[PDB]
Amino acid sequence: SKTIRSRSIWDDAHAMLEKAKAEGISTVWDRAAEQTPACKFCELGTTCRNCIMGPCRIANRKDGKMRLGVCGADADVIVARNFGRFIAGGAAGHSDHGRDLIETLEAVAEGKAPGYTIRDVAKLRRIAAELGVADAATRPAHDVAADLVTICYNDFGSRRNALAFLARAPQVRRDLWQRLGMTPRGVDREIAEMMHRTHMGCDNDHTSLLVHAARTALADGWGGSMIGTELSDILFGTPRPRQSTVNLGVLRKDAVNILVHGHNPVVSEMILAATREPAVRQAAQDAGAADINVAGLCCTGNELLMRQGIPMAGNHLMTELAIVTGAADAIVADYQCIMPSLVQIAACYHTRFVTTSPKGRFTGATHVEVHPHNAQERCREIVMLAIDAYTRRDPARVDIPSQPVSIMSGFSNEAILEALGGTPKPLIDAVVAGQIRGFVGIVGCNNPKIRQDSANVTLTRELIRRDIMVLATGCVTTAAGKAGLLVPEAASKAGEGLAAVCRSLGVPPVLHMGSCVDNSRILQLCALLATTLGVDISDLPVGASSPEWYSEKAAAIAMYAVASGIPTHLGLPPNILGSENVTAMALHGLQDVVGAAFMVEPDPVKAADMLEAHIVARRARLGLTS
């Protein structure tokens, strides 16, 4: 229908929306329509439920009533506190993610994690040395891992003046954060401090609240997320370029299909390993299947793509539709971004919905809890449940639409530097020559308010045509992949300068740099280029964009990008427009404080113009043309 066509740009999404219609299954778009119009105070941010003197709403009434909350707080404070707690929730998602990796590395170092290993010993020794572990180059690997675990845990404590990985940022940027009171000190400490500041009668100054929101977000980007990324590479391997495929057509009628969903590779890597064990494969063959087929959703999907080349079935708004194919024999979830509607949709089929984390509980799910000491045994058990469920698939309701689209994944910073010959000199040369005018990270989600992937795809296409290389993470990965942008032959979609550089290196014009925690790789790349050139991150020809964001996590990434000096575009506004002062600080005031600001623009072509304009202005201050 016209409604279905308006919900997504993709053929596979349309086919499943028609099928969900015929089967009477409601989707995220139907619930979004039920929640429109939204509450006007909630959307503006001018409501507070932080104590039971309230709840309070701030209105503009002719009688002048409801200008203040019961405690006396005005719209500036109420909006800034709501936004601070919103950012803290996003930082906490990445923080707990990093913490789980520390605990997994510790279990490996203690010999208490069967099936887990140090997959990248060289990176372990390099990271440990960088952070100050003595004799990291020569001591037994597990001893070095134990000392690296201690350093990472200290960043989740309360005794540091600055996070360990902050040393990567250029000195000028660290000096600025120190003057501003933005230096992140402890990953959990800043989240806790934000929750204290936002209690009634604590922080009642919108500027101070926004400064701490920046500090809390920096504790994610340079702490929780960066620890998460670097330890994931140590446990599961540093990504290198590899071929794979994307879209609902990666599911196979002839195989047992297991979709992995959520964020943490500690689970999805062990599910993949279980499906490769000979006795498990034989059980699938006895059931009538040709093979076992693992396919990724969302960030845990990105993790398996980066390190194992596992095909990705879809991003956020495809998740329900992947079930509607009728071919999902099990969905294995850990935590974050897993819509609870998936439990009810899975119950419309034979599909098993399996939870694995004590943090990600879903009423009605089959819970098989996974920890380092038992993952090998439990993941074997979960794959066996998938195989059993396959025997009851209803073949009449199977509709796998579309043929999969080829992609190239695996662009860690290590992989980029290797393609360049071991130094950033050829990339710097390309930027100085104007062949590559700048870089934009396009990150984040889908949102049913925006036709799915329409802005993600349009923005990526516009930027590469203007010789701006795109670094893609998170759910943008699937959009760029389905648009044919993630392969070396996509150099033909870029402008003449970027196409030539890509062809000379053999890489695509859009580089998949990983999951949402892997936005930390973009910070590390920026820091390296700034330190190499002797400038600040706020001087580099860079930008960031989340055209279709929805999550608290995406807002935390955008805040840490801005506070690190990267101009950051959002397709939709956070719930802050009820305060002109908070809004003006996010869109304009921060520009002169931290060197960058937020932009809000729902037209992806106009967003391309704004990101390009910031890049051009930064090129001028480096003394470059174009």
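Start at 1 and count along the sequence shown; that's the residue number.
Between 357-365 and 278-286, name whichever shows the higher mean Cα B factor according to the PDB entry.
Taking the mean B-factor of the alpha carbons in each, 278-286 is higher.
Mean CA B-factor: is it higher for 436-444 or for 392-400?
Stretch with the higher mean C-alpha B-factor: 392-400.
Which one, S546, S95, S341, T198, has the peak C-alpha temperature factor per the PDB entry?
Across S546, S95, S341, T198, the entry lists the biggest C-alpha B-factor for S95.
Identify, among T568, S564, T583, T36, the residue whose C-alpha carries the highest B-factor in the deposited PDB entry.
By C-alpha B-factor in the record, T36 ranks first.
Using the B-factor values recorded in the entry, state whether the Cα atom of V28 falls in the lowest, middle or highest third among the modelled residues of its chain.
CA B-factor rank for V28: middle third.
Where does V507 sit by CA temperature factor within its chain: lowest, middle or highest third?
Highest third, going by the recorded CA B-factors of the chain.
For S208, does the deposited CA B-factor place it in the lowest, middle or highest third of the chain?
Lowest third - that is where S208 ends up once the chain's C-alpha B-factors are sorted.
According to the PDB entry, is the CA B factor of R189 in the bottom, middle or top third of its chain, that is, lowest, middle or highest?
Lowest third.
Considering only modelled residues of the same chain, in which third does the CA B-factor of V370 rank: lowest, middle or highest?
Highest third of the chain for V370's C-alpha B-factor.
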